[PDB]
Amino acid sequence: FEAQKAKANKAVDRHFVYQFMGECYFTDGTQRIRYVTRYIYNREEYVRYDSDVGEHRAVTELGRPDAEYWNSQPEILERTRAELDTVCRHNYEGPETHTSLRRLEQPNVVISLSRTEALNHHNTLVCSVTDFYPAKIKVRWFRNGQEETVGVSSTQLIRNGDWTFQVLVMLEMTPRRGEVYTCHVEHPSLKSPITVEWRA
């Protein structure tokens, strides 16, 4: 499945940085699609195409000559417009559907104790939930079958940068005789929830 790219238009005739990008905003699959290209010089977007407007618009004064010229040439304006179909819709239905949109990586779930156990003394359990994809996830702590919300803290979603995520969930607790603590994880890659238990 071949991906296709946005095509940068040619600008009209101590450090400098230029950036160009084509962004495809998908909502409910390809039912709603919005397409925006951006042209950026030293952090300032100066011209852009937006499928909601249907033509290039200058964003600042620097972009005036480009937007007018690009819009005036049918070959340039039509090729940019067509990118909503030929890039966004095409990439989603082809390559994305068989790669990104199908990736399902199961969380490793492990329970750790912060300090050495001592009955009737305060301590912390950490539920480490790691290496999962995609991002949607639910983690909950239970003590003896009842949901705990007090003394519970989760990190934000941690993006590893290698197409997996991580979330660590701490529970401040005091281990007594016979109580069992359970970390409960639900994720689209799991037919049924993962439950891991730590017996006091």
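One-based numbering along the sequence shown.
The modelled chain breaks after residue 13 and resumes at residue 14, leaving 10 or more residues of the deposited sequence without coordinates. If you average the C-alpha B-factors over 24-32 and over 163-171, the higher value belongs to 24-32. Comparing the deposited coordinates for 15-23 and 175-183, the stretch with the larger average C-alpha B-factor is 175-183.
Within the listed group 88, 118, 129, 126, the record reports its top CA B-factor for 118. The PDB entry assigns residue 152 a C-alpha temperature factor belonging to the middle third of its chain's modelled residues.
Annotation for residue 41: C-alpha temperature factor in the middle third relative to the rest of the modelled chain, per the entry.
When the CA B factors of the chain's modelled residues are split into thirds, the value for residue 73 lands in the lowest one. Residue 135 sits in the lowest third of its chain by CA B factor, as recorded in the PDB entry. Among all modelled residues in this chain, the alpha-carbon of residue 113 has a temperature factor (C-alpha) in the highest third.
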